[PDB]
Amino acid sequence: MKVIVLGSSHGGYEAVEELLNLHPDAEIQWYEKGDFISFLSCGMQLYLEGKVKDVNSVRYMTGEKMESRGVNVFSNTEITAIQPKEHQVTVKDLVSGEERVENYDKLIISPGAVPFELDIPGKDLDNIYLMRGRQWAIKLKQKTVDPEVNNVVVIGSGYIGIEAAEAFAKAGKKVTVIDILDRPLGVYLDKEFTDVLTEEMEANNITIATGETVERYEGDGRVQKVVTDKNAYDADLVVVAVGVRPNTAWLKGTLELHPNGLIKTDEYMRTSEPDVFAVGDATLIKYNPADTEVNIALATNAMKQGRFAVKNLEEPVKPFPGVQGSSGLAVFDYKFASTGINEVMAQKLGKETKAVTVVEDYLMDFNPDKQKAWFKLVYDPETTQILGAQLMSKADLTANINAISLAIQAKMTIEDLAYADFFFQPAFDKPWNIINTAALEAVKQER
């Protein structure tokens, strides 16, 4: 069987790996239009901050190692079109310009997403950067040590926007994060968390300008100013981390796409075309908290989807098990983690939830290593099934979100978690741990 896998990032890569597991027999071709195989953009901050020194080590596969296992790797080769009917694909070697047709028995694509750019005045002024991929990573590292960069403006206060802000602030630049949303990191955390995070960032030379629409970039040749409807800010460098758009324009009319460009697929990763499967940022995923499907552009999700596509290559036998949307990140001294439904997700979904937040030391008061911890447990009003949770502390308590991810999937209730067995040892936690305590507060609130 000849299987073509498009993309060398998380969705494409785990598909190649699963093909080696379940189909060592097959002729596998792996296509990547860029010059570098499997760069991990998730590690870009570790690199920019100087924890990881070599940009080229921030990966998880070389093309050269995949060829050693019998995979035909074509870097700098773009798949330009699909002819599903004919079971052919058009590919173009970007080094030589030479186009060719390639045949397949099964095709798995993981096209990913492209950074959304603000189509406003001054869009083509120099030093308005993006943050995705190796090329942007090295350019951004050039700018961290550039003595001509003093003020950095990052547009977008999400995950990437805050990583960019932290890296440039730590590097010694004055940063302003600008967004129309009124809370940084609202997709991940609720207000009692984002207010502490805002305060923490402000203590580190970051202004966070919420509720502002960017209107135009000003400057002679290069940016010099970012102008919003409420204010104007000096900028020597801009980092645009506002959103992502599915890389699917080329597929319009070949495959069925949702109005926003995401490829329509079922729980077996099959597209509208037989033998064409799609995964990753460009697709929707089964979201277990609300038994629905949403778009969650995370590496974890792309990875599992890539494997499940190979699992269903010849017949629909393994339905995808669903995800809870879990995240975790450190923002200066704080480490947070989140899974399931929080305010922003509940509003997008139109789901009424109930919740309790416990903010107290996570160790018993006699232990001087005690530190304050925030934990919010979100649950269903009717069934009291666990729908989400968020936690934060200067202590690293993030691995607890893994327990909540399973509780949601398992449809456990607040009474289940209130009395759930979690170990106790006073150097690590309180008699009723962080999850137990929140759940007991939730049953108290439902008396």
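For every residue, the number given is its place in the sequence shown, counted from 1.
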Higher mean Cα B-factor in the deposited model: 71 to 79 or 318 to 326? 71 to 79
Hey, which bit's got the bigger mean C-alpha B factor in the entry, 389 to 397 or 52 to 60? 52 to 60
Of the choices 370, 173, 376, 87, which one's C-alpha carries the largest B-factor in the record? 87
Residue, from 125, 238, 363, 345, that the PDB entry assigns the highest Cα B-factor: 125
Tell me, lowest, middle or highest third: where does the Cα B factor of residue 11 rank within its chain? middle
Rank-wise, by C-alpha B-factor, drop residue 381 into the lowest, middle or highest third of its chain. middle
Ordered by C-alpha B-factor within the chain, which third holds residue 264? Give me lowest, middle or highest, please. middle
Here the Cα B-factor of residue 253, set against its chain, lands in the third termed highest
Relative to the other modelled residues of the same chain, rank the CA B-factor of residue 146 and answer lowest, middle or highest third. middle
